[PDB]
Each structure stands twice: as C-alpha cells, then as structure tokens.
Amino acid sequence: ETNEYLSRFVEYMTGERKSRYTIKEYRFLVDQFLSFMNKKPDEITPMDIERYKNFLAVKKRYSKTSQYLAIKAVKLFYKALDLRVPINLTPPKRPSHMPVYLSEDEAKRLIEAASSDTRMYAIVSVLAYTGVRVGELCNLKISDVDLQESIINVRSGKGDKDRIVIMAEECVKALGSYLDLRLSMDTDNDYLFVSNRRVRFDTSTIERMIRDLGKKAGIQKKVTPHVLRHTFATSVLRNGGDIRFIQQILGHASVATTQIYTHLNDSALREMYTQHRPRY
C-alpha cells in the first residue's frame, strides 16, 4: 500500500543512481511523512503540509538542515510518483536580492590572505578600514597619510569632495610597513601605492587584485570594493555608529547613498533588533 509507494520511490532513486545510504535515509524520512499524514499523497492539502512542517520543527525538534533534508526527500517522492509537488513544501522565499557583503569573519580571512604581500596587505587594509573608493585610493599621495594621527587626507580629482578618513590601529601598522618599502623606491612620482612599474595604479588593476584575493581566501561571495565598503559601513553601524556619521566618513552628500552601504543582513538585523527592541 504505502509500501507500494515506498517501493516505487526506491526503484526511482535506484534508477537515478543514488547510494544505498541515501535511499535508506530518503525512504525513512518519507515513511514518517506518510505515517504522519495518514492519507494518500494526492489527497494532501496545503494545511496538511503546514501541519507536517510544524511536526518536524516542533514535535520532532529537527534542525533546519534536517527539516530541509526531509522536505527534499518528500519532494523527490512526489516527483517519483509523477504527482504534483505540494506548492507548500518549497514555498515563497525570504526576500530576493539586495546586495550582499562579507561576514566579520570573511573580512578577517580577506585581509589575512594578503599578509604575504606588504603592498596588497596595506591596500586591503585601507579599503577595509577607511571606507574609501578605489580611485580615491589610487590617487592617494604619500603626503596624504598621517600615521601618527591615524588619518588619511582624501582630496579630489575632482569637484572638491574632500575629507579625511580615520584608520584603525591594524591599518596604521599595515600601511606603516608598506611605507617603509615605498619610501626607499626611486619613483618619478609621490603616489602612495604604486604598481610593479612603480607608477600609480589603474582603478581596474585594484579591483582585479581584490577579486583574486577573495578567491585566494576561499570566499564564495564575489569580493569587490563596493562589497568591502558595504562590509565596513555595516560594521560601524552594528557597532553603534550613527548613519550621519557613517555618511561623513564615506564622504556621501546624501544619506540615500549611505543607506545603500548600510543595508543589514538577516542575522545582523535580528541582532540589532534584540539590542534595541521595543520595551513594553
């Protein structure tokens, strides 16, 4: 009966070339689905599905991983029976795209991947710690850096959108080791960061490096300067920095721009909620 449903389920999984191990699991999970529904698969309603999910999550206390595995098993079972997959199994998802940024841990990995390379390391540190734009970094002059005051002066090409940025201790050390080298180079320029041809970088080359460094760090997410900046501005916010201040630092004329880089992820947002929840 239900055996006959399980038996075709296995035959289908056998056909699809799954391991004995996987089949045994999928089978066991679908069996508990039928056992709980206690009705024919074609007869299963959306509310039935919602009862089964609550069964998994509440009564059986499954983790999400386990919840997902069961759900995947049942779907495959529906597919095996040439039956319609209850739409409620898959359902309409947590909001689609809004841009994605790095975890505080991913940042550490991004930076550290670059400690082999004094120049890379100083480059990455400045973007990660100061919030500057590629381009602004390219046109930094050695004289714009003030290590002792932990400040970079950021001036324009152009419109005069001038400001200072502030470096964290670790960024002060990073640049510091780079400037030691930079200072001994016999360059025809005083740009802070210089290419292998000892000239100012091209905005494009920097993005390549940031990109590659992200791979070298084993980061699934594609890493770009915009992402790093989303990362930084978000961290400052998570750390209690007011939006208007973050705006000052990034050099944004309107908060609408600063909003783009402070869009929080679900985890972050839930934390920020707990931390500042309504009190009644």
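One-based numbering along the sequence shown.
Set 21-29 against 7-15 and average the Cα temperature factors; 7-15 ends up higher.
In this entry, the higher average B-factor at the C-alpha atoms falls on 221-229, of the pair 221-229 and 53-61. Of the candidates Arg84, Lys72, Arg182, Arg133, the PDB record gives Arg84 the highest C-alpha temperature factor.
By the numbers in the PDB entry, the CA B factor is greatest at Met98 among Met98, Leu175, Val165, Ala80.
The PDB entry assigns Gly251 a C-alpha temperature factor belonging to the lowest third of its chain's modelled residues.
Ranked by Cα temperature factor within the chain, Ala107 sits in the highest third according to the deposited record.
Among all modelled residues in this chain, the alpha-carbon of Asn88 has a temperature factor (C-alpha) in the middle third. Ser156: CA B factor lies in the highest third for its chain, per the PDB record. Ranked by C-alpha B-factor against the other modelled residues of its chain, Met209 falls in the highest third.
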